[PDB]
């Protein structure tokens, strides 16, 4: 299921970027890599994390949503921040954020 990840890192409209993926799994795993690249880029230390932190990470993004291709309808399903948080949660068990986003999104 082809998936487009729409991210806006700051309140500026020109911080809107996107990446696309072969499946939601990879798109959500991309967000997880962004998060743990961000938390690692924040401590001079090997850091562990709470659940509240992955949620706060996603809430620091001014905008984040996914377009997920549904092969039964040939159309994209739109999922917003609430859904993505839940998904990122169940998988995981300030211009410094833009660098974390661009690291995984565009490389």
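Residue numbers count along the first chain shown, from 1.
Asks: Note how many residues of the deposited chain are left out of the model between residue 93 and residue 94; the options are none, 1 to 3, 4 to 9, and 10 or more.
Replies: Missing in between: 10 or more residues.
Asks: Highest mean C-alpha temperature factor of the two stretches 57-65 and 36-44, which is it?
Replies: Stretch with the greater average CA B-factor: 36-44.
Asks: If you average the Cα B factors in the entry, which is higher, 94-102 or 21-29?
Replies: Of 94-102 and 21-29, the stretch with the higher C-alpha B-factor average is 94-102.
Asks: Please say which third, lowest, middle or highest, residue 52 falls into when its CA temperature factor is compared across its chain.
Replies: As the PDB entry reports it, the C-alpha B-factor of residue 52 lands in the highest third of its chain.
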